[PDB]
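The structure file input-v4.cif is reproduced below (mmCIF, C-alpha atoms).
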```cif
data_model
loop_
_atom_site.label_atom_id
_atom_site.label_comp_id
_atom_site.auth_asym_id
_atom_site.auth_seq_id
_atom_site.Cartn_x
_atom_site.Cartn_y
_atom_site.Cartn_z
CA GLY A 89 11.47 21.57 27.69
CA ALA A 90 10.03 20.71 24.30
CA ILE A 91 6.28 20.75 23.76
CA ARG A 92 5.04 17.35 22.56
CA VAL A 93 1.87 17.17 20.45
CA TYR A 94 0.31 13.94 19.17
CA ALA A 95 -2.26 14.42 16.40
CA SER A 96 -3.77 12.58 13.45
CA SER A 97 -2.34 12.86 9.95
CA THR A 98 -5.15 15.15 8.77
CA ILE A 99 -4.62 17.45 11.75
CA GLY A 100 -0.84 17.19 11.56
CA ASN A 101 -0.57 17.93 7.83
CA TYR A 102 -3.46 20.35 7.20
CA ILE A 103 -4.41 22.05 10.49
CA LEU A 104 -1.33 22.21 12.74
CA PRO A 105 1.17 23.67 10.19
CA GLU A 106 -0.49 27.11 10.21
CA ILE A 107 -0.76 26.99 14.01
CA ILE A 108 2.85 25.84 14.37
CA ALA A 109 4.06 28.70 12.16
CA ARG A 110 2.37 31.40 14.24
CA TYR A 111 3.49 29.77 17.51
CA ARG A 112 7.11 29.45 16.38
CA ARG A 113 7.38 33.04 15.14
CA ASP A 114 6.16 34.34 18.51
CA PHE A 115 8.25 31.84 20.53
CA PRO A 116 11.35 30.85 18.54
CA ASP A 117 13.27 29.32 21.47
CA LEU A 118 10.70 26.74 22.62
CA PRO A 119 11.34 23.37 20.92
CA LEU A 120 8.38 21.52 19.45
CA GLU A 121 7.79 17.79 18.92
CA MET A 122 4.87 16.69 16.75
CA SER A 123 3.99 13.01 16.33
CA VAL A 124 1.37 11.59 13.96
CA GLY A 125 -0.96 8.80 15.07
CA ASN A 126 -4.56 7.73 15.44
CA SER A 127 -6.83 8.25 18.43
CA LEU A 128 -5.94 5.13 20.43
CA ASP A 129 -2.18 5.66 20.11
CA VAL A 130 -2.55 9.32 21.11
CA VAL A 131 -4.66 8.52 24.19
CA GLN A 132 -2.09 5.95 25.31
CA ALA A 133 0.73 8.49 24.99
CA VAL A 134 -1.21 11.06 27.01
CA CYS A 135 -1.93 8.48 29.72
CA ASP A 136 1.75 7.45 29.72
CA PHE A 137 2.82 11.13 29.92
CA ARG A 138 4.80 10.65 26.71
CA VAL A 139 3.15 13.69 25.08
CA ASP A 140 1.51 16.84 26.43
CA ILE A 141 -1.38 17.60 24.04
CA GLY A 142 -3.44 15.16 22.00
CA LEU A 143 -5.62 15.96 18.98
CA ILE A 144 -7.85 13.02 18.05
CA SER A 145 -10.88 12.14 15.95
CA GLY A 146 -13.81 11.41 18.25
CA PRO A 147 -14.49 11.91 21.96
CA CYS A 148 -12.83 10.48 25.07
CA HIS A 149 -14.71 9.47 28.22
CA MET A 150 -11.82 8.62 30.55
CA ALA A 151 -11.89 10.41 33.90
CA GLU A 152 -8.14 11.11 33.78
CA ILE A 153 -8.46 12.85 30.38
CA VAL A 154 -9.68 16.41 29.85
CA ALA A 155 -11.39 16.19 26.45
CA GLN A 156 -13.04 19.16 24.73
CA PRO A 157 -14.52 19.48 21.23
CA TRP A 158 -12.07 21.39 19.04
CA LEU A 159 -12.94 21.55 15.32
CA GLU A 160 -15.53 20.21 12.91
CA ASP A 161 -14.23 18.30 9.90
CA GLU A 162 -16.20 17.42 6.76
CA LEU A 163 -15.20 14.36 4.75
CA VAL A 164 -15.83 14.23 1.01
CA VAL A 165 -16.06 11.51 -1.63
CA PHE A 166 -13.77 12.43 -4.51
CA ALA A 167 -12.54 10.98 -7.79
CA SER A 168 -10.31 11.72 -10.75
CA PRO A 169 -11.70 14.25 -13.25
CA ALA A 170 -11.76 11.46 -15.87
CA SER A 171 -13.68 9.03 -13.64
CA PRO A 172 -16.87 7.50 -15.10
CA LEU A 173 -18.50 8.14 -11.71
CA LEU A 174 -18.65 11.85 -12.63
CA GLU A 175 -20.90 11.06 -15.62
CA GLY A 176 -24.56 10.38 -14.86
CA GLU A 177 -26.64 10.72 -11.73
CA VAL A 178 -24.84 9.34 -8.68
CA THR A 179 -26.61 6.41 -7.02
CA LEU A 180 -25.71 4.13 -4.12
CA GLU A 181 -25.21 1.26 -6.57
CA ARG A 182 -22.92 3.34 -8.80
CA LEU A 183 -20.85 4.31 -5.76
CA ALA A 184 -20.48 0.67 -4.72
CA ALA A 185 -19.58 -0.30 -8.30
CA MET A 186 -16.37 1.74 -8.32
CA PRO A 187 -13.15 0.33 -6.85
CA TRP A 188 -12.67 1.90 -3.43
CA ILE A 189 -9.49 3.15 -1.75
CA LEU A 190 -9.60 3.88 1.98
CA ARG A 191 -7.29 4.94 4.78
CA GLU A 192 -5.79 2.47 7.23
CA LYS A 193 -7.95 0.71 9.81
CA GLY A 194 -8.06 2.48 13.16
CA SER A 195 -7.94 5.97 11.65
CA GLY A 196 -10.73 8.47 12.19
CA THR A 197 -11.16 8.83 8.43
CA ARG A 198 -11.67 5.10 7.90
CA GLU A 199 -14.04 4.99 10.88
CA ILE A 200 -16.22 7.69 9.32
CA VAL A 201 -16.37 6.06 5.88
CA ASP A 202 -17.14 2.66 7.41
CA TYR A 203 -20.19 3.60 9.49
CA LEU A 204 -21.50 6.74 7.75
CA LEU A 205 -20.81 5.95 4.07
CA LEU A 206 -20.07 2.28 3.31
CA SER A 207 -22.85 1.09 5.64
CA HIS A 208 -25.47 2.66 3.34
CA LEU A 209 -23.91 1.26 0.15
CA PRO A 210 -24.18 -2.23 -1.36
CA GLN A 211 -21.48 -4.53 -0.05
CA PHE A 212 -18.23 -4.72 -2.01
CA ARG A 213 -14.69 -6.04 -1.67
CA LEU A 214 -12.32 -3.20 -0.79
CA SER A 215 -9.79 -2.74 -3.59
CA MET A 216 -7.00 -0.91 -1.75
CA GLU A 217 -6.23 0.24 1.79
CA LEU A 218 -3.47 2.87 1.85
CA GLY A 219 -2.19 4.19 5.17
CA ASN A 220 -1.34 7.66 3.88
CA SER A 221 -3.33 10.44 2.24
CA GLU A 222 -0.62 11.19 -0.34
CA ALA A 223 -0.63 7.63 -1.69
CA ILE A 224 -4.43 7.77 -1.88
CA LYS A 225 -4.47 11.00 -3.90
CA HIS A 226 -1.95 9.54 -6.36
CA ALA A 227 -3.96 6.32 -6.70
CA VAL A 228 -7.21 8.22 -7.28
CA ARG A 229 -5.53 10.58 -9.75
CA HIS A 230 -4.45 7.52 -11.77
CA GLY A 231 -8.02 6.19 -12.02
CA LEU A 232 -7.38 3.23 -9.71
CA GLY A 233 -10.55 4.04 -7.77
CA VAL A 234 -12.41 6.54 -5.63
CA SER A 235 -11.86 7.50 -2.00
CA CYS A 236 -13.21 9.56 0.89
CA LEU A 237 -10.98 12.06 2.70
CA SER A 238 -11.31 15.27 4.68
CA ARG A 239 -11.92 18.32 2.50
CA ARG A 240 -8.85 19.93 4.09
CA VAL A 241 -6.64 17.16 2.67
CA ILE A 242 -7.81 17.54 -0.94
CA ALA A 243 -8.61 21.27 -0.84
CA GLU A 244 -5.63 22.15 -3.05
CA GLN A 245 -6.53 19.46 -5.59
CA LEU A 246 -10.22 20.42 -5.57
CA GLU A 247 -9.24 24.00 -6.46
CA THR A 248 -6.87 23.12 -9.32
CA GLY A 249 -9.28 20.45 -10.60
CA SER A 250 -6.92 17.47 -10.32
CA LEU A 251 -9.57 15.93 -8.05
CA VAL A 252 -13.34 16.34 -8.24
CA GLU A 253 -15.80 16.23 -5.35
CA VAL A 254 -18.59 13.68 -5.83
CA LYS A 255 -22.08 14.57 -4.59
CA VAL A 256 -23.48 11.61 -2.62
CA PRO A 257 -27.24 11.24 -1.90
CA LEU A 258 -26.50 10.76 1.80
CA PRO A 259 -26.17 13.06 4.81
CA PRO A 260 -22.82 14.88 4.83
CA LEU A 261 -19.85 13.11 6.42
CA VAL A 262 -19.01 15.48 9.28
CA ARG A 263 -16.88 14.51 12.28
CA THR A 264 -15.70 16.32 15.41
CA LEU A 265 -12.01 16.62 16.30
CA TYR A 266 -11.18 16.70 20.01
CA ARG A 267 -8.28 18.15 21.98
CA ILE A 268 -7.17 16.12 25.00
CA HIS A 269 -4.64 16.38 27.82
CA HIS A 270 -4.04 14.65 31.13
CA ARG A 271 -5.99 15.91 34.14
CA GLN A 272 -2.85 15.74 36.31
CA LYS A 273 -1.09 18.16 33.93
CA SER A 276 0.48 23.68 32.83
CA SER A 277 1.85 26.92 31.42
CA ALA A 278 3.31 27.12 27.89
CA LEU A 279 0.92 24.24 27.24
CA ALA A 280 -1.84 26.83 27.60
CA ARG A 281 0.04 29.12 25.20
CA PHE A 282 0.11 26.49 22.44
CA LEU A 283 -3.54 25.70 23.18
CA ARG A 284 -4.37 29.39 22.69
CA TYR A 285 -2.84 29.22 19.19
CA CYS A 286 -5.02 26.18 18.37
CA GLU A 287 -8.19 28.32 18.52
CA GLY B 89 -6.52 -12.86 -0.17
CA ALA B 90 -5.28 -9.29 0.01
CA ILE B 91 -1.57 -8.55 -0.39
CA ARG B 92 -0.23 -6.71 2.66
CA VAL B 93 2.79 -4.41 2.26
CA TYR B 94 4.45 -2.50 5.11
CA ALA B 95 6.78 0.29 3.98
CA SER B 96 8.19 3.60 5.18
CA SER B 97 6.50 6.91 4.42
CA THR B 98 9.08 7.84 1.77
CA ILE B 99 8.62 4.47 0.05
CA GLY B 100 4.86 4.49 0.54
CA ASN B 101 4.29 8.00 -0.80
CA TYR B 102 6.98 8.38 -3.49
CA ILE B 103 8.06 4.90 -4.67
CA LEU B 104 5.14 2.48 -4.23
CA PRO B 105 2.39 4.58 -5.92
CA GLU B 106 3.84 4.06 -9.42
CA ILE B 107 4.38 0.37 -8.67
CA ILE B 108 0.87 -0.01 -7.23
CA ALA B 109 -0.66 1.60 -10.33
CA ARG B 110 1.01 -0.82 -12.75
CA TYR B 111 0.23 -3.81 -10.52
CA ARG B 112 -3.44 -2.86 -10.13
CA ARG B 113 -4.00 -2.28 -13.86
CA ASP B 114 -2.63 -5.75 -14.65
CA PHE B 115 -4.42 -7.42 -11.70
CA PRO B 116 -7.59 -5.48 -10.85
CA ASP B 117 -9.21 -8.20 -8.71
CA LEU B 118 -6.41 -8.73 -6.16
CA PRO B 119 -6.97 -6.51 -3.09
CA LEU B 120 -4.02 -4.57 -1.73
CA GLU B 121 -3.25 -3.36 1.80
CA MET B 122 -0.43 -0.87 2.32
CA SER B 123 0.64 0.24 5.80
CA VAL B 124 3.17 2.97 6.61
CA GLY B 125 5.72 2.50 9.37
CA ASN B 126 9.40 2.54 10.23
CA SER B 127 11.84 -0.36 10.08
CA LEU B 128 11.28 -1.84 13.54
CA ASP B 129 7.48 -1.83 13.23
CA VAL B 130 7.71 -3.44 9.78
CA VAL B 131 10.07 -6.20 10.94
CA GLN B 132 7.74 -7.01 13.84
CA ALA B 133 4.75 -7.29 11.48
CA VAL B 134 6.68 -9.62 9.16
CA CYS B 135 7.74 -11.79 12.11
CA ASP B 136 4.14 -11.82 13.38
CA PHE B 137 2.87 -12.73 9.87
CA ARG B 138 0.69 -9.60 9.94
CA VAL B 139 2.05 -8.43 6.56
CA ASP B 140 3.59 -10.21 3.57
CA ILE B 141 6.25 -7.82 2.21
CA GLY B 142 8.31 -5.28 4.13
CA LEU B 143 10.22 -2.31 2.68
CA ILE B 144 12.55 -0.76 5.25
CA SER B 145 15.47 1.64 5.54
CA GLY B 146 18.59 -0.32 6.44
CA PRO B 147 19.50 -4.01 6.54
CA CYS B 148 18.15 -6.93 8.59
CA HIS B 149 20.31 -9.73 9.98
CA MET B 150 17.64 -12.05 11.42
CA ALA B 151 17.84 -15.64 10.22
CA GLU B 152 14.05 -15.87 9.78
CA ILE B 153 14.03 -12.82 7.47
CA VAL B 154 15.00 -12.84 3.79
CA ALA B 155 16.48 -9.35 3.31
CA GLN B 156 17.82 -8.08 -0.01
CA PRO B 157 19.03 -4.61 -1.03
CA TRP B 158 16.33 -2.93 -3.10
CA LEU B 159 16.92 0.74 -3.96
CA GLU B 160 19.41 3.50 -3.23
CA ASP B 161 18.01 6.72 -1.77
CA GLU B 162 19.81 10.07 -1.58
CA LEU B 163 18.85 12.52 1.16
CA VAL B 164 19.23 16.25 0.60
CA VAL B 165 19.43 19.33 2.82
CA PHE B 166 16.89 21.87 1.58
CA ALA B 167 15.52 25.28 2.54
CA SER B 168 13.05 27.93 1.47
CA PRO B 169 14.11 30.03 -1.55
CA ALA B 170 14.15 33.09 0.75
CA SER B 171 16.37 31.44 3.38
CA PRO B 172 19.53 33.33 4.41
CA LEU B 173 21.35 29.98 4.24
CA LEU B 174 21.22 30.24 0.43
CA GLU B 175 23.29 33.46 0.55
CA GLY B 176 27.03 33.04 1.08
CA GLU B 177 29.30 30.03 1.13
CA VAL B 178 27.80 27.17 3.14
CA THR B 179 29.86 26.14 6.18
CA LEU B 180 29.29 23.64 8.97
CA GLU B 181 28.79 26.52 11.41
CA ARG B 182 26.24 28.21 9.14
CA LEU B 183 24.33 24.93 8.85
CA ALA B 184 24.25 24.52 12.64
CA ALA B 185 23.16 28.15 13.05
CA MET B 186 19.84 27.63 11.26
CA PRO B 187 16.83 26.24 13.13
CA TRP B 188 16.49 22.58 12.19
CA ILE B 189 13.37 20.52 11.47
CA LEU B 190 13.70 16.73 11.38
CA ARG B 191 11.53 13.66 10.97
CA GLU B 192 10.36 11.59 13.93
CA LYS B 193 12.79 9.49 15.94
CA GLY B 194 13.03 5.89 14.77
CA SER B 195 12.61 6.77 11.09
CA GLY B 196 15.27 5.96 8.52
CA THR B 197 15.41 9.62 7.50
CA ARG B 198 16.10 10.83 11.05
CA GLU B 199 18.68 8.05 11.49
CA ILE B 200 20.59 9.25 8.42
CA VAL B 201 20.59 12.92 9.42
CA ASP B 202 21.66 12.05 12.98
CA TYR B 203 24.79 10.03 12.19
CA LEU B 204 25.78 11.26 8.71
CA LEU B 205 24.89 14.98 8.92
CA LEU B 206 24.32 16.33 12.45
CA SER B 207 27.32 14.40 13.81
CA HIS B 208 29.67 16.54 11.70
CA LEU B 209 27.98 19.84 12.64
CA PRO B 210 28.35 21.94 15.80
CA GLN B 211 25.88 20.89 18.47
CA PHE B 212 22.52 22.66 18.55
CA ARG B 213 19.10 22.35 20.15
CA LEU B 214 16.63 20.85 17.67
CA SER B 215 13.89 23.37 16.93
CA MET B 216 11.13 21.08 15.64
CA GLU B 217 10.54 17.35 15.16
CA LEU B 218 7.65 16.67 12.78
CA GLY B 219 6.52 13.11 12.14
CA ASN B 220 5.39 13.72 8.57
CA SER B 221 7.09 14.97 5.41
CA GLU B 222 4.17 17.21 4.43
CA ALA B 223 4.28 19.16 7.70
CA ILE B 224 8.05 19.55 7.27
CA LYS B 225 7.76 20.97 3.75
CA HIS B 226 5.16 23.49 4.94
CA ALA B 227 7.33 24.51 7.90
CA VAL B 228 10.41 24.94 5.71
CA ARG B 229 8.43 26.86 3.09
CA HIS B 230 7.40 29.31 5.83
CA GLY B 231 11.01 30.00 6.85
CA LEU B 232 10.71 28.21 10.19
CA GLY B 233 13.95 26.34 9.50
CA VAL B 234 15.81 23.91 7.28
CA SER B 235 15.45 20.15 6.99
CA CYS B 236 16.88 17.02 5.36
CA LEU B 237 14.64 14.68 3.37
CA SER B 238 14.92 12.20 0.52
CA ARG B 239 15.19 13.85 -2.89
CA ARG B 240 12.15 11.82 -3.98
CA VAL B 241 10.02 13.57 -1.35
CA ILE B 242 10.91 17.13 -2.41
CA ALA B 243 11.49 16.43 -6.12
CA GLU B 244 8.31 18.26 -7.15
CA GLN B 245 9.19 21.28 -5.00
CA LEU B 246 12.81 21.31 -6.21
CA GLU B 247 11.56 21.51 -9.80
CA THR B 248 9.06 24.33 -9.25
CA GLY B 249 11.52 26.20 -7.02
CA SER B 250 9.36 26.30 -3.88
CA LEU B 251 12.25 24.49 -2.16
CA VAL B 252 15.97 24.83 -2.87
CA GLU B 253 18.63 22.15 -2.44
CA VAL B 254 21.53 23.23 -0.21
CA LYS B 255 25.03 22.07 -1.11
CA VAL B 256 26.74 20.73 2.02
CA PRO B 257 30.56 20.31 2.25
CA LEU B 258 30.11 16.71 3.40
CA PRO B 259 29.85 13.33 1.67
CA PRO B 260 26.41 12.80 0.13
CA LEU B 261 23.68 11.37 2.35
CA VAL B 262 22.90 8.10 0.55
CA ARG B 263 21.04 5.19 2.17
CA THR B 264 19.98 1.73 1.00
CA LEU B 265 16.36 0.59 1.12
CA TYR B 266 15.79 -3.12 1.73
CA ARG B 267 12.95 -5.49 0.84
CA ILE B 268 12.17 -8.17 3.43
CA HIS B 269 9.84 -11.13 3.83
CA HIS B 270 9.58 -14.12 6.14
CA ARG B 271 11.65 -17.18 5.27
CA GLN B 272 8.69 -19.47 6.03
CA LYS B 273 6.63 -17.66 3.36
CA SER B 276 4.66 -17.64 -2.14
CA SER B 277 3.00 -16.89 -5.47
CA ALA B 278 1.29 -13.54 -6.16
CA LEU B 279 3.80 -12.26 -3.60
CA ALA B 280 6.42 -12.90 -6.28
CA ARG B 281 4.24 -11.05 -8.81
CA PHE B 282 4.13 -7.89 -6.69
CA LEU B 283 7.87 -8.26 -6.04
CA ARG B 284 8.44 -8.37 -9.81
CA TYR B 285 6.68 -5.00 -10.13
CA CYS B 286 8.97 -3.53 -7.44
CA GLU B 287 12.01 -3.86 -9.73
#
```
Rewrite the coordinates I just gave you, this time as structure tokens.
Amino acid sequence: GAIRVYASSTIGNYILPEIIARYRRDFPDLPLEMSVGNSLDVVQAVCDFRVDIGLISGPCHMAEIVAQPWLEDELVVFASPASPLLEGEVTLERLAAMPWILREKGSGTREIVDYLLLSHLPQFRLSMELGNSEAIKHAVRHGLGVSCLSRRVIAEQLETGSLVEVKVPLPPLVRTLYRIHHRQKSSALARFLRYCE
Amino acid sequence: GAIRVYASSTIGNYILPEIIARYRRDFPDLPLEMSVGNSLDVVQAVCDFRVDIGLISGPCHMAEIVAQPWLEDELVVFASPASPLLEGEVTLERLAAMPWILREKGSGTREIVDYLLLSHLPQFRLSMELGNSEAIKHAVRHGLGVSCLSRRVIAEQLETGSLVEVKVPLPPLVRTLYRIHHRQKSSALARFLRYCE
């Protein structure tokens, strides 16, 4: 009778924990299962009835899927406080001149940086692709390059100053997170969904 | 010409970052790709030639795979500093009485806790299964339950005191991490492998 949720790493590590805490304290006997994956893997699990609720980056147009916009999410270019990018006026050429570190292909974060950020910059060879936010923050903190992540992921580091937000002369990188579930699917599901608001 | 490494989340977030930093500083022009996945997904990618180096939890007996023991890894039961488990002598019944939070099924961490820890405890219904270490640390910090992770993952929290190591009257939970690559595969690969020592 466990509730199964399939969400992205940004949602699973920086949005769901506060929701899970309030849901568990009010319902301590209902088991919870929370998997981390990108949009295509989550949609497949919902179609296969392997999970109950899916939280993805981007919309879903399948007739068997009930998809509703859930939360806005702003992505931010950031760098180490000792990065030369922080000195001088930021330009598109200066942004493309720094070594870049990006999330894994197929993730909603990498999709946003590819079409909304890197498309407006001069072409460059990607330095590193790290499939986890924690490894990216460590690499950026060590001056290995710059990156682009959700503000929720680096909010703690932006406050302490271990990471610095870089102002980019481009429209802000804002995405929409969606909540999905199968059309052929329920109580207790609705309870968890009420805590996600 | 990018080097592709496929490792577990514990290796990717708490072992590889220091290795990646030293490798990048000495070779800044060689692109790097680092994916995060469990042992079975990594072995498949090595067999499919999708990645070059695999770092997994546990051995591999396939003839096409060159598998060598790499690093020892000690797992630790931990709890919030305000957990009632920290008061009184720890027993197997007291450990089974706390709500438990564990990593996703198929991970090397969950495999260790299942056969080396939970097998010696009274049977219980698992409270939460979270497929990411960060969501587990937040859940444990909020008193939702106890967990078992690699000491490398919670080393920072064990030092500051935000998480407390629990002494268990059982043999220590020590595992062996392996490095794998295809037998039919190389220079520059050897360079990265020399930084992994």
> Could you spell out the hits of the PyMOL selection byres ((chain A) within 10 of (chain B)) on the shown file, as a VMD selection string?
Replying inline: chain A and resid 90 to 95 97 99 to 106 108 to 110 112 to 113 116 to 125 187 189 to 193 213 to 228 230 to 232
Expanded to explicit residues, what is the PyMOL selection byres ((chain B and resi 253-260) around 6) for this file, as a short mmCIF file (atom, residue, chain, number, x, y, z; two decimals) with C-alpha atoms, in the coordinates of the input?
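The new file part-v4.cif reads:
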```
data_model
loop_
_atom_site.label_atom_id
_atom_site.label_comp_id
_atom_site.auth_asym_id
_atom_site.auth_seq_id
_atom_site.Cartn_x
_atom_site.Cartn_y
_atom_site.Cartn_z
CA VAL B 165 19.43 19.33 2.82
CA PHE B 166 16.89 21.87 1.58
CA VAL B 252 15.97 24.83 -2.87
CA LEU B 261 23.68 11.37 2.35
CA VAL B 262 22.90 8.10 0.55
#
```
> Between atom CA of residue A:115 and atom CA of residue B:177, what is the spacing in Å?
Replying inline: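 Here the two named atoms are 28.7 Å from each other.
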> When you draw a straight line from atom CA of residue A:150 to atom CA of residue A:278, how long is it in Å?
Replying inline: 24.0 Å
> Quick one: which residues end up in the PyMOL selection byres ((chain B and resi 144) around 10) for this structure, as a PyMOL selection string?
Replying inline: chain B and resi 94-99+125-131+141-143+145-148+155+157-158+195-196+264-268
>> Report, in Å to a single decimal, how far apart atom CA of residue A:248 and atom CA of residue A:236 are.
In response: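 According to the coordinates, atom CA of residue A:236 and atom CA of residue A:248 are separated by 18.1 Å.
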>> Quick one: residues within 12 Å of residue B:280, only C-alpha atoms, excluding same-chain residues fewer than 5 positions away - as a PyMOL selection string?
In response: chain B and resi 91+111+140-141+269+273+285-287
Write out, as a PDB file, keeping the file's coordinate frame, the residues just selected, with C-alpha atoms.
```pdb
ATOM      1  CA  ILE B  91      -1.570  -8.550  -0.390  1.00  0.00           C
ATOM      2  CA  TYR B 111       0.230  -3.810 -10.520  1.00  0.00           C
ATOM      3  CA  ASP B 140       3.590 -10.210   3.570  1.00  0.00           C
ATOM      4  CA  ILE B 141       6.250  -7.820   2.210  1.00  0.00           C
ATOM      5  CA  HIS B 269       9.840 -11.130   3.830  1.00  0.00           C
ATOM      6  CA  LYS B 273       6.630 -17.660   3.360  1.00  0.00           C
ATOM      7  CA  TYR B 285       6.680  -5.000 -10.130  1.00  0.00           C
ATOM      8  CA  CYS B 286       8.970  -3.530  -7.440  1.00  0.00           C
ATOM      9  CA  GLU B 287      12.010  -3.860  -9.730  1.00  0.00           C
TER      10      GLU B 287
END
```
